[PDB]
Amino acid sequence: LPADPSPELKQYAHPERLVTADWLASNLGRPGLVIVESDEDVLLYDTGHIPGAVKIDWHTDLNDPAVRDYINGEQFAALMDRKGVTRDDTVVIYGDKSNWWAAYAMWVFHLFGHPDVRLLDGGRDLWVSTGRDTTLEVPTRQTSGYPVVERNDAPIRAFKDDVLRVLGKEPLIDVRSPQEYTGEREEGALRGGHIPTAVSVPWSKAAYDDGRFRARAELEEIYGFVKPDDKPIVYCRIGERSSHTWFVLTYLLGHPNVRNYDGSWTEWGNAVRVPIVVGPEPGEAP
């Protein structure tokens, strides 16, 4: 399955990681293609979805049931088999909330090295608002033999001690709302504020009101502070909005070495004796 050749995507650094709605409509039902809906709301898929699409739920399908961590390689293989995905298939992921959870699912697939994963520009919001076909029908396809791979965290994931070591030496980007960043505002925390030196670029700035990713030129200016030799870290409350910003910096802008700090404010704002800055200014390193 070749890349979507639509002219409007060529403006980006790695255009092959996106597909348009008209491309997807003409390719529905084709062999070697699997379509995946991934939403914040676990109930939404059952109200209607793109024909042939399967469902993945981030909470029940992608997390360990006991410790705060993702599933392992043996468990990822079993999930692919149950969903009818082979190692050789093109996977296209889409969902509600401007593709926040679709980007998170794509980030998790990258931990297991799935070769060809792409997002639908505009996601579920645009598909539905433009009046395109949906169905209640749930697919029955099942496959077997997805390979058992060792999970590879280092290239795309940062832990709490990785963050402490680079304070003052690399760009740290907080993607929450302005009121969260200053400390004015299940997911609560005992302290409010941001990590010392962090800069505020809310995930919003990268998307239009209809859910599509913004034009290259608009992106170049929001994120132009990031220099070519930089190794940036992104974060939020639990790591979904930071997933959206990871995709933007990596594939649309072509910046290598971006890591997602998944622990995020739920870890940091609850830990005893870690440094915190309150108010609208970034602050100094410790």
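Residue indices: 1-based, along the sequence shown.
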Taking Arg185 and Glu186 as adjacent modelled residues, how many residues of the deposited sequence between them have no coordinates (none, 1 to 3, 4 to 9, 10 or more)? 4 to 9
Which is higher on average in the deposited entry, the C-alpha temperature factors of 24-32 or of 227-235? 227-235
Hey, which bit's got the bigger mean C-alpha B factor in the entry, 201-209 or 98-106? 201-209
Looking at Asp81, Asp116, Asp125, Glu180, which one carries the largest C-alpha B-factor according to the PDB entry? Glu180
Check the PDB entry and point out which of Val91, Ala158, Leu120, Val138 has the largest C-alpha temperature factor. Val138
Entry-reported Cα temperature factor of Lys55, expressed as the chain third it lands in: middle
Here the Cα B-factor of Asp4, set against its chain, lands in the third termed lowest
Relative to the other modelled residues of the same chain, rank the CA B-factor of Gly73 and answer lowest, middle or highest third. lowest
B-factor third for the C-alpha atom of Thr250 within its chain: middle
In terms of the CA temperature factor given in the entry, to which third of its chain does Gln142 belong: lowest, middle or highest? highest
